[PDB]
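Down below is the structure, laid out as structure tokens.
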Protein chains: 2
Amino acid sequence: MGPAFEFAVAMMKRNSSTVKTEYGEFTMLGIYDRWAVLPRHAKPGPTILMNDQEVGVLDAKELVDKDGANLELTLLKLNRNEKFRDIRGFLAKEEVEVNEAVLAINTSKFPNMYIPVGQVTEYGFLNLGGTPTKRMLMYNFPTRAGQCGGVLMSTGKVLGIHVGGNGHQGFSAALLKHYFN
Amino acid sequence: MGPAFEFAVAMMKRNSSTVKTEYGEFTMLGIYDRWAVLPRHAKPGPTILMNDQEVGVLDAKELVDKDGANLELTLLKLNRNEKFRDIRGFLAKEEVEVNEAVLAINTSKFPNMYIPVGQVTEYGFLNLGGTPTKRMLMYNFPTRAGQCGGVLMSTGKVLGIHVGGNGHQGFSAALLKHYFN
């Protein structure tokens, strides 16, 4: 658990920011270059607020699988000079299962908070409030709203982005390496 | 940092509970026997809610120093059979300063959350919203309300209880071993 928290703290400090869209405040992870990811429900507009400063959004991809199914992630390309530390080598080729994960949240409502969720299992398919969603990861933790965007991590691995919950279970979209080109 | 989080997680799981008084929801730490501590502002009544079950409060001591100054902690003795794991040997004789601390919160608004606050320094005297307060510990973290009661920890040490903040600084009351007799 300790090494996962140590990994998470350094990761969040280096690659995470707090983002405000018209739909709420979210944790955001920069992946490489000027590309980041948000949970789909952040519905970013043509501009976002990133650490309280206004930033233009050049592109927004709502990710779906080959048979069109919802993946619940939105990739965005930001209009800014500074480049994200490349973290693509932390992203698995496929769904990671682990016995000890930490979920990191970085917003106003949850500033630098970390949650031990323990075991993460590829749950896979999920009807996420009406929408057929795939590549879900599940862990047991008493969900609240505003955790959306939280980053799911273990030692050396960024596993996914928190996208939903039901009182004792949380769901992350798996953050796969191939999303990133 | 990792060992502190590992310490905190096990400590919270063993000795902490979520408590509702008429003044709010708070993290509570059981110390030994049927004695626990709350931040003063929890103002517990003759009964509390502890993990959603009603519990009688046999005694409540608002702690002050020898010259009467506010210490911002309330000790309470609970009317229940189950005994707290004795954690008095984790409590320092005097104010602990450390370079890496973790603040643990366990309520509905913040369920099993952990925050790296880094360096804790005996700040000592503080005018805590009108009240002259002593034996304060200070750390830098972007405070929100509902963190009251949070438990401040490092590897092997329970340092204090979170009692106040101002946007970038948090304050804990030092949890001294001698309070406990």
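So basically every Cβ, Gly included, is an ideal-geometry build from the backbone, and we count neighbours across all protein chains shown. Bear in mind that the values in this text are calculations on the coordinates, not laboratory data.
General remarks:
- With label points set 7 Å from Cα along Cα→Cβ, the inter-copy distances at A:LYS13 are 2.6 nm, sorted shortest first.
- Size-normalised alpha-carbon gyration radius of the range B:16-84, reference 2.2 N^0.38 Å: 1.06
- Considering the protein assembly as shown, its Cα convex hull presents a mean projected area of 18.6 nm².
- Pairs from the table (B:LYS43/B:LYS77; B:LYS93/B:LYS157; A:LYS43/A:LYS134; A:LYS43/A:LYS109) all lie within 22 angstrom of each other at Cα.
- Local electrostatic count at B:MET12 - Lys and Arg +1, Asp and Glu -1, tallied over other residues with Cβ under 15 Å: +3
- Taken about its Cα centre, the protein assembly as shown carries a charge dipole of roughly 80 debye when the Cβ of each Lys and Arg holds +1 and the Cβ of each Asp and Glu holds -1.
- For the rotational copies A and B, the chain A residue with its Cβ nearest the relating axis, together with that separation in Å, is A:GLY2, 1.
- Inter-copy label distances at A:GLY56, shortest first and taken from points set 7 Å along Cα to Cβ: 7.0 nm.
- Counts of other chain beta carbons within 10 angstrom of each beta carbon in peptide B:1-7 average 6.
- Chain A - charge dipole about Cα centre, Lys and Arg +1 at Cβ, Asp and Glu -1, debye rounded to 20: 260 debye
- Antiparallel beta bridges, as assigned by DSSP with both residues in the range B:88-181, represent about 95 percent of the total such bridges.
- Whether chain B is rounded, prolate or oblate, judged on the alpha carbon gyration tensor where a/c under 1.5 counts as rounded: rounded
- Label point 7 Å beyond Cα along the C-beta direction, distances from A:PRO142 to other copies (nm, shortest first): 2.4
- Separation of the B:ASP59 and A:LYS13 label points, Cα + 7 Å toward Cβ, nm: 4.4 nm
- DSSP beta bridges in the protein assembly as shown [antiparallel fraction, %, rounded to 5]: 95 percent
- Secondary-structure-derived ellipticity at 222 nm for the protein assembly as shown, considering helices only, amounts to -2500 deg cm²/dmol, per-run term -39500 (n - 2.57) for DSSP H runs with n ≥ 4.
- Beta bridges by DSSP in chain B, antiparallel share as percent, to the nearest 5: 95 percent
- Among the residues of B:105-115, the average count of other protein chain beta-carbon atoms within 10 Å of the residue beta-carbon is 4.
- With R₀ fixed at 35 Å, the C-beta to C-beta distance from A:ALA92 to B:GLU22 puts the FRET efficiency at about 0.10.
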